[PDB]
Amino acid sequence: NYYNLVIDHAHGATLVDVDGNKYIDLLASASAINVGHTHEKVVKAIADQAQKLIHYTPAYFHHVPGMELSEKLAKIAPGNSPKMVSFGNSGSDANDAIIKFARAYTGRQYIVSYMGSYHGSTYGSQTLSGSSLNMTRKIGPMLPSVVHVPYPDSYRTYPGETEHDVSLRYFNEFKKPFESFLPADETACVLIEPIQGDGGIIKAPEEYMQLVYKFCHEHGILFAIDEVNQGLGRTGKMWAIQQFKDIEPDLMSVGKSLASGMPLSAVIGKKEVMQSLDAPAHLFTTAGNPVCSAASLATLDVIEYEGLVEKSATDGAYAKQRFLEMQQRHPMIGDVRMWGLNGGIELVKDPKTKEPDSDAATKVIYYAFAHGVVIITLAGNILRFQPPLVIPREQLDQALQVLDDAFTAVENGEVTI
């Protein structure tokens, strides 16, 4: 909680509290609500399925929604290699499964993940994460044979560094463990967020990603991606990895928006990799639930038929220009990062020092809340802008104007915590 709000109902990008007050949702429940709240087609799909079968573990009997969803997810995944899908409940358990699939297929034990990453809260995925110290404190020891590498930062760079220089420097950092203590032939996979979500909406440069991808292929390391936050149209392409040229992951984790916030996740992977493990050795009883699966079928169709991928791209381009214009009048805005309706607005004390301004960031979100918009922060000083992709233009403009007013009010000293 940030402000003790109790939601009674919601539709599209609008939240209504128990009292009747209205809010514009710029969070979409951490990008679980790409399709907007209570989308008519998803509600109906949930209702109709519940009438027939609430649950049977698909490992004992197939159900139609699970069969249909498994085929479809295999189709829409990036690349042309034959795919298989394994269902879970959460992004967390999907990233735990990624570790399992990679170890079992390769016969290798080490996993490489990123500082700044967030992969979930189960013991495997929580070890991979590098987003929060409180995810390691008191609960160790963690999963063995996990190595963290730094994710490329395009904002706080060295003087005179180009995109090319940053890519090379961070790739050299990527190689350092492999040239010292970490055998590449013993690394099962690299797990990467094509754009880091919780880390602050940070996109790896094209050249950096191509270097890692090639490194993996050349050493027989699996290239895995986490699309749990950045997938299903969020970046203005179906998959965040499609922001890069011709990269097909060996394993991909999908969650959050998948079933409009119903607990469903998937690992989608190359056929051969996915066949190294199955039920009943790896299984979640309520995973691939038929009600959740019907919910997902409807939400996937909504993304396609309402053109939400295209809308995220064009609205994202627009929101990027609006925030850039705001940056010209508000020097507290240090960096505008936007790929689709998917933004990190980084607030700094000074543009030259780039020193984080967590105080100002919290004031903005407090102002916004008092003026009917829900927005939160990342890593202290970064506003996350991830509204449902269905957000009508009038509501988007309304929210942007509140944010512009927030910046002015924080400048004048008119906001207190």
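Note that residue numbering follows the sequence shown and begins at 1. Here, rigid core means the biggest group of C-alpha atoms that superpose within 1.5 Å across both forms.
Of the two stretches examined, 5-13 and 390-398, the one with higher mean CA deviation in 5 other deposited structures of this protein after a rigid core fit is 5-13.
Taken in 5 other deposited structures of this protein and fitted on the core, 180-188 and 132-140 differ in how far their Cα atoms move from the shown form, and the one that moves more is 132-140.
Coverage remark for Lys83: present in the model in all other entries compared whose chains are built on both sides, leaving no third without it. Modelling of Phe284 is missing from a third or more of the other compared entries in which both of its neighbours are modelled.
If you average the C-alpha B-factors over 74-82 and over 195-203, the higher value belongs to 74-82. As the entry records it, the average C-alpha temperature factor is higher for 273-281, out of 290-298 and 273-281. The entry assigns its greatest Cα B factor, within the set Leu389, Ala32, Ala379, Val42, to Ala379.
When all modelled residues of the chain are sorted by CA temperature factor, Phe171 is found within the lowest third.
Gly120: CA B factor lies in the lowest third for its chain, per the PDB record. Among all modelled residues in its chain, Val336 ranks in the middle third by Cα B-factor. When the CA B factors of the chain's modelled residues are split into thirds, the value for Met135 lands in the highest one.
In this PDB entry, the Cα temperature factor of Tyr305 sits in the top third of its chain's modelled residues, the highest group.
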